[PDB]
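Below sits a lone chain in structure tokens, taken as the form deposited in one PDB entry.
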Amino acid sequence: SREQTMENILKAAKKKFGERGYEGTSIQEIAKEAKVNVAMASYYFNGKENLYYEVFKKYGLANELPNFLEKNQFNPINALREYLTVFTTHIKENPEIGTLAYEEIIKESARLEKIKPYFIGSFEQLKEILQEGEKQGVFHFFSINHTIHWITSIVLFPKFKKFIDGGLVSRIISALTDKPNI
């Protein structure tokens, strides 16, 4: 329950920060939310900022993903479909990671630099998969860089889709496999 308390505080951390973002959340509240003293949470994670990063360390993507290409006999479409589903599902399960990360990103906050490392491996697996598919002639795009940009931009911002209107994985796949007439 030392371990349980810690998880409770982290679980709380994710919940509160998500509702109000970094500025607006207080340790008091997270303490309160996990049902422990302020003191305990400030001791275990030494302050707000560290507790903030620990939430990304704990709930982010950093060691969650296997090697999808390998796992899929190097069929790139299957590899991407599985990568995107696991990426979007991991966020759907911990949505603050995406909401908070996207905020820090569009605001280019000072926190961004120490948050990014919890995303970097997932972007670079995306790149490898896209490049293998391009190599095999199954994906077609003009720039790997542009493509990685629009894919991660919409995957990390699920709510923008509904706002825009009122299926994502297959739309990303259909976009990539479409071969231009030319």
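Heads up: residue numbers just count along the shown sequence, starting at 1.
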Quiz item: Unmodelled stretch from the deposited sequence between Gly166 and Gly167, which bin: none, 1 to 3, 4 to 9, 10 or more?
Solution: 4 to 9
Quiz prompt | 66-74 versus 135-143 - which carries the larger mean C-alpha B factor in the record | solution = 66-74
Practice problem: Could you settle it for me: does 147-155 or 57-65 have the higher average Cα B factor in the PDB entry? | Solution: 57-65
Practice problem: Specify which of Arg20, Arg171, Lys162, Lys15 carries the largest Cα B factor in the deposited PDB entry. | Solution: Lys162
Exercise. Taking the values exactly as deposited, rank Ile129 by C-alpha B-factor within its chain and report the matching third: lowest, middle or highest.
Key: lowest
Quiz item: When the modelled residues of the chain are sorted by Cα temperature factor, does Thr99 land in the lowest, middle or highest third?
Solution: lowest
Self-check item: For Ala175, the third of its chain into which the C-alpha B factor falls
Solution: lowest
Self-check item: Position of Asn181 among the chain's modelled residues by C-alpha B-factor, lowest, middle or highest third
Solution: highest
Quiz prompt | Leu84 CA temperature factor, ranked by third within the chain | solution = middle
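The next section is about a form of this same protein that is not shown, the form deposited in another entry.
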Self-check item: Rigid-body hinge position between this form and the one not shown, taken from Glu103, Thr147, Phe119, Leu156
Solution: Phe119
Quiz item: Compared with this form, is the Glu7-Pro66 Cα separation smaller or larger in that other deposited form, the difference being 3 Å or more?
Solution: farther
Exercise. Looking in that other deposited form, decide if the C-alpha atoms of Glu103 and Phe160 are closer or farther than in the form shown; they differ by 3 Å or more.
Key: farther
